[PDB]
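> Give me a model of this one.
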Amino acid sequence: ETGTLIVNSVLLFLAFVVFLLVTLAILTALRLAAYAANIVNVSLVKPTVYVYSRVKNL
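Numbers count the residues shown, from 1 in each chain. Find the structure here:
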C-alpha cells in the first residue's frame with residue numbers, strides 16, 4: 001500500500017480485542033491469589049468498587 005494503516009489496524013485490532021477479552025479475566029487469577037495471604041485464594045472485584053470512585057475523585 002501507499003501508507004494504508006487502516007487495513008492493518010482494523011484487521012489486527014479485531015484479533016486483538018478477542019485476545020484481551022479472555023486474556024483479561026486471566027489476570028484475575030492473580031488477584032484472588034492475594035487474598036490467599038489472609039484466608040483463601042478467593043476474591044472478587046465487587047467489594048473493590050470502593051476504590052472505583054476514589055481513583056475517579058483523584
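> Is residue 27 in a helix, a strand, or coil?
Put simply, residue 27 is helix when judged by DSSP: H, G, I helix; E, B strand; the rest coil.
> From residue 38, how far off is the residue nearest the centre of the chain?
Closest to where the C-alpha atoms of the chain average out (CA atoms, centre = their mean) is residue 24, at 3.9 Å. To residue 38, residue 24 is 24 Å away according to CB to CB, to the nearest Å. (Each C-beta comes from the backbone N, C-alpha and C, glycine too.)
> Please give the element, helix or strand, for residue 24.
Residue 24 belongs to helix 7-35 when assigned by DSSP states H and E.
> Then residue 42?
Counting by DSSP H and E, residue 42 is part of no helix or strand.
> got a list of what it touches?
Counting by CB atoms under 8 Å, 6 or more residues apart in numbering, residue 42 touches 32, 35-36.
> Quick check: of these, which lies closest to residue 2?
Checking the contacts of residue 42 against residue 2 with CB to CB, the nearest one is residue 32 at 49.6 Å.
> which non-adjacent residue is nearest that closest one?
Computed as CB to CB, 6 or more residues apart in numbering, the closest residue to residue 32 that is not its neighbour in sequence is residue 43, at 4.3 Å.
> okay but that neighbour is in contact with residue 30, surely?
No - taking CB atoms under 8 Å as the definition, residue 43 is not a contact partner of residue 30, at 10.1 Å.
> Comparing these two, which residue is more hemmed in?
Using other CB atoms under 10 Å as the criterion, residue 43 and residue 30 rank with residue 43 on top: 17 against 8.
> next one: phi and psi at residue 38?
phi -110, psi -70 (degrees, to the nearest 10).
> re earlier: ok, the contacts of residue 42 vs residue 6, which is closest?
residue 32 (39.7 Å).
> residue contacts, the closest one?
41-43.
> same check, this time on residue 34
Residue 34 sits next to residue 43 when contact means CB under 8 Å, 6+ apart.
> what's the closest of the contacts of residue 42 to residue 53?
Of the contacts of residue 42, the one sitting nearest to residue 53 (CB to CB) turns out to be residue 35, at 21.6 Å.
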